[PDB]
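In: this one's experimental. Sequence and coordinates below.
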Amino acid sequence: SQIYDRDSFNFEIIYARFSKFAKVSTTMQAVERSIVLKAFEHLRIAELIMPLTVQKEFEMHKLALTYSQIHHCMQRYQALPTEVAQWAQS
Amino acid sequence: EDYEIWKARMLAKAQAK
Amino acid sequence: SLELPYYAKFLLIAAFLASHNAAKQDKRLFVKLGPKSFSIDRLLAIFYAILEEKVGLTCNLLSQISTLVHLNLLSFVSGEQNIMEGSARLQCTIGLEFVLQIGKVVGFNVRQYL
Amino acid sequence: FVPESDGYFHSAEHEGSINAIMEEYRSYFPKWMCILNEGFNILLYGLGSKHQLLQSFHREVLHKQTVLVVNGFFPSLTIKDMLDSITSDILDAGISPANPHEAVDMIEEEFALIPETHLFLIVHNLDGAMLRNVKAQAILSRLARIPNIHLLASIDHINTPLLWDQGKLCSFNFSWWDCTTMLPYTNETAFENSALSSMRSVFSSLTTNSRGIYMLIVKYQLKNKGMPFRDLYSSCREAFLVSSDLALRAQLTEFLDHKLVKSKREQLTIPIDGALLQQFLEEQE
Amino acid sequence: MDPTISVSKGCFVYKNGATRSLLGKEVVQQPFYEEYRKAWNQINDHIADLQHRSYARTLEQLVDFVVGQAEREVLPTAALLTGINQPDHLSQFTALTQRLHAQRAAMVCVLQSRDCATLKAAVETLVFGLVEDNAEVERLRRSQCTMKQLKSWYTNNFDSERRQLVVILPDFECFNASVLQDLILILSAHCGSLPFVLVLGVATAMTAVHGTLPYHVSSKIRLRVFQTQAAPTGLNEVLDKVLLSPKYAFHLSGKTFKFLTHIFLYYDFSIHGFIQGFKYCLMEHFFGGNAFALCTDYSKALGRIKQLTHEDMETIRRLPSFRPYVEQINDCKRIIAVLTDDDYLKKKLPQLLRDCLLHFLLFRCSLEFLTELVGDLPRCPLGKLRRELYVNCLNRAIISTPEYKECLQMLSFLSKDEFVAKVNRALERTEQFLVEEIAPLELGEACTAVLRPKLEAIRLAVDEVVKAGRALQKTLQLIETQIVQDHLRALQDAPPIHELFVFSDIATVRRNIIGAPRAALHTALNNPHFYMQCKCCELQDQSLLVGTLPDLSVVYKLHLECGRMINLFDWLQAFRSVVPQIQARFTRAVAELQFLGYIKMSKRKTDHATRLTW
DNA sequence: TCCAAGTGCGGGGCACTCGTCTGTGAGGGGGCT
DNA sequence: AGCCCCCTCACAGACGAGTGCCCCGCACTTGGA
């Protein structure tokens, strides 16, 4: 959303951007597509992701948060590892 | 070959003996 | 381990080739950003192009199309009330590894037509 | 018949022979009774109109049994009418419920109690106008599954088995017969599923102020080769044709209802060419 | 046009004494109908028994799962991995229902996808199904069918005794997603008060179950996977235990066997459609007259021989294999006797019927011996199972085929230990088949008395190759002359009246089972000379466009040559050039061609057409 | 003294209907290597 | 020398008020019991 300036996203785009990091993370190496899809469903049911209102893996979505809330979540999270904190700032 | 023509042919062949 | 008939497997990989290819790329291959939409005549043309057996258009083949729709292996992305008229659209909802598994148990390589 | 894909990618004695064909098709009727006795149904898929063949089968053979003839080519029939007819006119059990699958459960439950009461039903054009949805075919396949209800049916469209899955094709215990006659489709096409003279006829019924308003619209259309409402309003108030706005709006509403003026937001285009409109304009001189 | 067709009504009732066999006494007393009904009842009971023995193990596992849940919050569910043929398998659930009413273990409700469009309708269908199952085992309106009334009824009735509440979902894929998730959340909300057990009917795989169930729905699910056996396994079981059984007199040919297995293995995995196709084959075979009532057991065959009328001799004389019985006799008096006098053939008939029955019994036994001899070979050219060898040995003479020579080449290269193990297994399997199934059959002692001394001669050949290179060709030629040449004959080397038992009519069955509407429409739109048999409409090639054709054929041959968008005025001018009233004929032909779905009118454009074929 | 089932009638669920609104597939128009 | 890429416009879908119709409950009730 920062790169494409609040464009609608998908599960495949976000999963590709996540797997570009997970292959070099050395702590989240071998997570499948199923657990990431269930985590995307868990984000979808808590209304941190809202549908634009097709399959579940190709339905477009919207981020329902400001960036300051994510920036404060990065500060108040307990036991956040170093690789995730390095990936969050860049 | 039809049934009636073959039947008449065998009957004429066997009645001649 | 999902068991399918022969022509249902060929219809399924033809629907995958119709959803994973552009409409303008079909003229170069068969003459001899999710899945795209297609109509049933495009699926039948791709099936008779890649079949190389040339069977007839009976009731059982279109029944195989309808029971692939009712097995949630295809879908109806639009239309769906004028299916006989031809303005209904389909959508293939399977991945790549099941297509390659079907192509291995049949003998039809899908890596060429992509 | 094997169709090719390439065509998609690059884009008297006749009456005597017809009566001989009809007699050779009429020789099939005891065989059809023996097939219908053993649980199957009958499907016909020929070229010509098979209305007279099913009527002859109903007249010469099933002249005593219960028969529900269903004209599927009728453009305004419903599944509710057929199910209410089976519920109330054959079984005499009141009207069927509004949800049709509960009506089919009711028909199954009341037909399970009465063996050897065989109901026939003869659906001309099983792929008709209001039978092309999947719900009507599901209801017909649930009705044809009962061991008492027997089914004869006709097929005319070329895309008919696109809406029969394997459940609807194993429920329909069909036996595909080729009754290809050469009779023309005279009953199936006469229904509702299949200018200048009307303009002159409506124009001869209007009053003189409507004649002046329509001639003003015709003159603007032939001059500028669609007119807004304000130019017509000024051209009608200059010649004392209208009293206020609602009179002209009622005249244009009557014009829209009689199909002589096409209004698009509010431009008024007459949907004809210039030559017929020019000959129509010189017809009133 | 007719007084029957109206413009208001769509349905017409002809009720004759309706309240709240089609054939009379003429057909039922005829012998062919009784033998057809008896044979079909035998075969249907046999296939039903095989389906019960196939299903009973996982049925017992489901009953053990339900009772173990009864002997005990999330709800226990059981995904039953059935095949893609759901209306083939629904009777499975029916049998389970009776088992759940055998031990008084649970109460069964079947939720069909057609009656569950909304959540409200699904809850009403569930509560109504449970309450009417209670009323059936030992009427409320559907407005008062809620979970409150269900909890009050379950507290009123079954608390004093726990009775489980089984909710069967036969078609899991055809359900709506949202109604299914709300139904699972409703059934999981009420656990602890009402004991719910859920079973499913998932056809494809478990990945569909894990994909259609979200995180919050699958948080309250404790599923256990049950797997039923596949449909080709059921096909092979039915084809090896019923259709190749020696105790039935009706035998299919090779062509019809290959046709029915082609329909199964290539189009649909339905045992139901295969059974109805075999039933149509049996019906069209047995409905060929009263002389075809002789295709039964031997004593009833003798009775029907003593029962036959005059025309039955003249319809068993019309068979094409009866003439090799006549021409091969050098006599003349016997030819006069069996051609006309109607009783000498009536005395000569039972020896021919006994020869046919002996030929089919020895064919089955020699086929079992040959498939045990050929099945252990690598690369299996003649076929692994019994059915492909059945087709290949009935369709032609098997020794003239190149695949038998390839089998002989790959078999003669083998060392003596595996060879003697293969032939010892073959003799053990053949004698096991001879004593376990052939011996209780009528006229089965003669077949064993024919085969068994030959089998002992093969056994002495096996001992001779135990005590010994050049004996191997002697043993192979002894197999070829004692098993394959005399008892594995083709359909053209058959006994002379084998058309009473073998059904060889494949064209009418192929055109009356497989339905081709488009082929008939295309044939009748290219050349009507195939149908009308007229003498001015004949075509040397199917595009010559003769002007005296029927009126639809000319319009079809005019728009068939053009592209997608068809202009109407040059179409009308071409029809006027090929052949007031002509415009009305063109309008009628365009209406008939639009009604069949070949073209359609354009909406954006006036006076044009869009064709719908290619 | 009451009463069983037709029945007359109000009320709510539902289905069409008219208007608005927005994507969009393919026919149509302008350039191309 | 047929082909490559935007335009756009009435179907497709939605949708939303909104309004009439038909099933359904339900008291009436009445000639009978």
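Out: In hand now; what should we look at? Residues are numbered from 1 along each chain as shown, chains lettered A, B, ... in the order given.

In: and chain C, which residues reach chain E?
Out: C:1-7, C:41, C:45, C:56-61, C:63-64, C:67, C:70-73, C:84-86 (CB under 8 Å from any CB of the partner chain). Quick note: C-beta positions are derived from backbone N, CA and C, even for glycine.

In: contact partners for residue E:154?
Out: By CB atoms under 8 Å, 6 or more residues apart in numbering or on different chains, the contact list for residue E:154 reads E:165, E:194.

In: which SSE is it in?
Out: Using DSSP states H and E, residue E:154 maps to helix E:147-157.

In: can you tell me the closest non-neighbouring residue to residue A:38?
Out: Take residue A:38 and drop its neighbours on the chain: the residue closest to it by CB to CB, 6 or more residues apart in numbering or on different chains is residue E:215, 5.2 Å away.

In: tell me where the stretch 1-150 of chain D has strands.
Out: In the stretch 1-150 of chain D, the segments counted as strands under DSSP state E, counting those that start in this stretch are D:42-44, D:66-71, D:119-124, D:149-154.

In: chain A too?
Out: With DSSP state E, the ranges of strands along chain A come out as A:49-51, A:61-63.

In: so which of the ones you listed is nearest chain B?
Out: strand A:49-51 (76.7 Å; CB to the nearest CB).

In: neighbouring contacts of the lengthiest helix in chain C?
Out: Taking DSSP state H as the criterion, chain C has its longest helix at helix C:6-19. Helix C:6-19 is contacted from outside by C:4, C:35-38, C:42-43, C:46-47, C:50-51, C:55, C:60-61, C:64-65, C:67-68, C:73-74, C:90-92, C:94, C:99, C:102-103, C:105-106, C:108, C:110, C:113-114, E:265-267, using CB under 8 Å, 6+ apart.

In: so that helix, near DNA strand F or not?
Out: No - no part of helix C:6-19 sits near DNA strand F under the criterion CB under 7 Å from any atom of the strand; the closest distance found is 12.6 Å.

In: list the buried ones in that helix?
Out: C:7-19 (16 or more other CB atoms under 10 Å in any protein chain shown).

In: and of those, the nearest to chain A?
Out: residue C:19 (11.2 Å).

In: ranges for the helices of the stretch 101-250 of chain D?
Out: D:134-143, D:166-171, D:197-203, D:208-223, D:229-238, D:245-257 (DSSP state H, counting those that start in this stretch).

In: so which of those is nearest chain B?
Out: Of all the helices of the stretch 101-250 of chain D, helix D:166-171 sits nearest to chain B, with 40.4 Å by CB to the nearest CB.

In: can you name every helix or strand that the closest one contacts?
Out: When contacts are defined as 3 or more CB pairs under 8 Å, 6 or more residues apart in numbering or on different chains; DSSP states H and E, helix D:166-171 sits against helix C:59-69, helix D:134-143, helix E:86-100, helix E:271-286.

In: can you list the helices of the stretch 101-250 of chain D in JSON lines and add mean neighbour count?
Out: What follows is these, written out as JSON lines (neighbours: other CB atoms under 10 Å in any protein chain shown):
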{"stretch": "helix D:134-143", "mean neighbour count": "20"}
{"stretch": "helix D:166-171", "mean neighbour count": "22"}
{"stretch": "helix D:197-203", "mean neighbour count": "13"}
{"stretch": "helix D:208-223", "mean neighbour count": "16"}
{"stretch": "helix D:229-238", "mean neighbour count": "14"}
{"stretch": "helix D:245-257", "mean neighbour count": "15"}
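
In: kind regards, and thank you for your time.
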